[PDB]
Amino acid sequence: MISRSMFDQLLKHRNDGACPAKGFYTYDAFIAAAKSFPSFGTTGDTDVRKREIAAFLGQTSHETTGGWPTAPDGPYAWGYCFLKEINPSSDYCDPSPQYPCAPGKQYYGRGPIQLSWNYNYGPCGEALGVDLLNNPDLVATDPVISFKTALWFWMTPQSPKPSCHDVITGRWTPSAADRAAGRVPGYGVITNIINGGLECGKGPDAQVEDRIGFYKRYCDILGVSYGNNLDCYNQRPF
């Protein structure tokens, strides 16, 4: 587990006035959230535990980045700047008898994984013990819940698609079809899990490069190797 000083060095600009999420993403909220998922950051040897935190913070930093190319400390120091999706194009409501949209509510991206859609807020809240279908705004008002939604995503498989956790800790072994699709363990298949439909299997991509930039900077500061297969440029989406 990373210390407060390390967390603050990785996420160095999140509390700048420039960032809408200033003050929200506290180290204490991160540690409290992680307690609900005790295998997070505790699975594997010392390098794997650090790498899991780097990979989780890298991907979520991309989803919340306020960086730009000439920014102080570079663009990979501007993770966790945003809390809420900027200019959402809809309510993100896909009505469902299992997940019915609450009146007046919107399911645009919120928190470190930019949780989106009623049918993601629904099962996430159920797993956390919180009604996020009916109060989705909790993901942008309660920082412990906010971090918990991102850890829920990270830790929950959509079998046969694996959890990000299982990939980075070595607990996922690709099926033969996965191998035929180019999906092998590494940060690249984590990008594929998170947004592969739009970002993977099509050559270089500025979004993927941003995810990797954060991960590399965090691995550098934590003192761990990146692992192999960092991109998904040659992977079929799941």
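Position 1 is the first residue in the sequence shown; the rest follow in order.
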query	finding
Stretch exceeding the other in mean C-alpha B-factor - 96 to 104, 138 to 146	96 to 104
Residue stretch of maximal mean CA temperature factor, 113 to 121 vs 82 to 90	82 to 90
Residue, from 41, 67, 186, 196, that the PDB entry assigns the highest Cα B-factor	196
Candidate residues 48, 177, 29, 190, the one whose C-alpha B factor the record puts highest	177
Position of residue 61 among the chain's modelled residues by C-alpha B-factor, lowest, middle or highest third	lowest
Entry-reported Cα temperature factor of residue 228, expressed as the chain third it lands in	highest
Third of chain Cα B-factors occupied by residue 160	middle
Entry-reported Cα temperature factor of residue 74, expressed as the chain third it lands in	middle
Chain-wide C-alpha B factor ranking for residue 52, given as lowest, middle or highest third	lowest
